[PDB]
């Protein structure tokens, strides 16, 4: 036949998906590949707080519902993203009296998780809670609720949907270091205390030629703690413009990343943060960098695609 990345991954008990956003759905060529090549989908924005609860106590899931429906139409699983995060938070949240924030956070989590109960395989419950040195990011939740907010978020999520996998998500935690160590200690602490948590999501926003050599050992140590691991927002940015050499290095990196996951039985899957450079978020956030995805702006498969398919075997 000629298997797709999704089919190759599923053949080995894993999923290979892509994130997507509502503004992209009109792109026929884009949605065609999206629906056939991948086995999993992650809504890029519309499940975030700024969209789901734009005003206190008033919820809105219509936009996110469209992505979920699309995924279901193609027989693709869906990862919820994300419940608690310091970015893309409506302004009213900062005005909530400190003593009421915990209740508000739980409520937000309860409504959204309950609404999508039974339709998602995972939920990125808390996103980017740590600084590069391992200390806690001083978000409104950390400052007004305290260290326990993460644990409380996971408890609230579990209470609203007992079957969905609860994930802690963050970037720059692919290699063994200060940041991943902090996440490691938190997960270890959670397991010992009985705090529900089913997996760690490594966003994996990597830089070409700079993939952490300890990636595999890092994925395994988390797996050994009793949690699944998933590469949730994979992309490997390079300094523009691209060249044959840069594309080749990128391909080697994608291959290495994929095989590292296939080596650890509890690494359940990989999701690229969208699949074509045409819509990559990279250029707008990392000046001078881009071309971080397997498909270029004209939907041509890059050498990176070859490496991924080869790794998936």
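Numbering follows the first chain given and starts at 1.
Look at the C-alpha B-factors of 282-290 and of 56-64. On average they run higher in 282-290.
The deposited model assigns a higher average Cα B-factor to 237-245 than to the other stretch when 106-114 and 237-245 are compared.
Per the PDB entry, 210 shows the highest C-alpha temperature factor of the residues 203, 180, 210, 127.
You'll see in the entry that, of 196, 199, 99, 80, the Cα B factor peaks at 196.
In the deposited entry, the Cα temperature factor of residue 216 places it in the middle third of its chain's modelled residues. In the PDB entry, a CA B factor belonging to the middle third of its chain's modelled residues is recorded for residue 252. The PDB entry assigns residue 17 a C-alpha temperature factor belonging to the lowest third of its chain's modelled residues. Among all modelled residues in its chain, residue 27 ranks in the highest third by Cα B-factor. For residue 308, the recorded CA temperature factor ranks within the lowest third of the chain's modelled residues.
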